[PDB]
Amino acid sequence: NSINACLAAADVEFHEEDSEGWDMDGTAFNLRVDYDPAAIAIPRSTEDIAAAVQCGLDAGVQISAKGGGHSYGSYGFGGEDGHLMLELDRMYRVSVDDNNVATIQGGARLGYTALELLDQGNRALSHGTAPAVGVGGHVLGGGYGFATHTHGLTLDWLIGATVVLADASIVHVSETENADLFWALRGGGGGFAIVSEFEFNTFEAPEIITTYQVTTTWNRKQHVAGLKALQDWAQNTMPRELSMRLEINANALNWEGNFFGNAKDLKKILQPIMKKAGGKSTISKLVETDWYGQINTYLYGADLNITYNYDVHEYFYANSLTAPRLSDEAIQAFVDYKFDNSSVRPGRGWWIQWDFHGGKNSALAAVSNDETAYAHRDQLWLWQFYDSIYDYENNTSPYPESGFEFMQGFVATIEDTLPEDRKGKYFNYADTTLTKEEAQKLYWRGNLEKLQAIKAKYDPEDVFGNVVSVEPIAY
């Protein structure tokens, strides 16, 4: 291997293609989109990353940084075969200084990070629920979770980073240094630079968090009336201190989330909306706990402390959508689709998450679409669509040939009713069926032009590009 020879000469560890190491790190989380990298480097330092980049340049291949490997399109591989992969999960050091600023290496995962922040000063950060998700991909695309309505996206806490550029140079980025690249890293997704270290501000772990679940027993009509009510409430009422998402599947619709406060105050907040939503619902979960407690409430069987021994996989097709307030027609269309178009074969299953993303009191929406590369600050809603194949080891049908039409149709029920400029998707919940041109518009909407200009400046040759990433286009 020409690249492996170069890596060896630079004293950078790499995986031989016919090795157990390769079979582990070279196999994508989503087996439906598993790719074969040209090579896999395992940097242990910023200098290692720079040396690895130089090797990829010499080889003439695109280079893809892999953080936690949880992207639905396997972008840690470049979203296709043939890229030099930089497996960063051996670089996960977390260090909190005297100013409560946390320096997190680019290969750190959410669980390990949360544990370290708690151990080093009882600190916390706003991020997703899954412990295996890499901090790198998470923050570059946003970073959404049960703390977003109260504390914003993970990227809203980023204040700096040490990165390696497409020409292998090493520089520091912040609001006062290479600020244009700093802006792009906060929401621009992949392809701008390889981050060796992220620098985050943090908040003290809250004294109390009350987790909850509301279970509904709604028919078709009650789904529409309930969602319409929830929409008005999300837009104008839902408190800054409260987060909520609806777990939707073929036979249920439940509300769940965290409250930065006690159960007494939470019941008084939920009571009014449960009534306005048409009743036919009840609180099925209500527990006061702490930061560590809430984190451990949404692991879904995953190990909390994960670093470089990771070999978990699934076989699925996901999709997403962001949107403003919806018309009754849109909601009706979505509900009808659930009731009449969601039948799947045994061994296959689906679920949807309806996230209370924006809204009057959402900390996320308190930030301008111009302040960071994140371009959905004006969107009330965020959705995650998930189509799973449970018995993929025996049967993947309709995949890989088809099956996409199911969730694409589910998205369309709502998207078709939206003005073109308000149609969007969330890069962290990627839709692999998208072309590079379609993806850029949906994922970055109004900030696409600025991002393409920044991309042209820092990576004109598109060395770090993936199949749907921001293209380099000078202004």
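One rule holds for the numbers: they count along the sequence shown, beginning at 1.
Between 153 to 161 and 202 to 210, the higher mean Cα B-factor belongs to 202 to 210. Checked against the record, the higher mean CA B factor of 68 to 76 and 328 to 336 lies with 328 to 336. In the deposited coordinates, the residue among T396, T113, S320, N258 with the greatest CA B-factor is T396. Per the PDB record, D98 has a higher Cα B-factor than any other of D89, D98, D232, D355. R348 sits in the highest third of its chain by CA B factor, as recorded in the PDB entry. Among all modelled residues in this chain, the alpha-carbon of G279 has a temperature factor (C-alpha) in the highest third. In the deposited entry, the Cα temperature factor of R445 places it in the middle third of its chain's modelled residues. Ranked within its chain, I248 lands in the middle third, by CA B factor from the PDB record. Ranked by Cα temperature factor within the chain, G226 sits in the middle third according to the deposited record.
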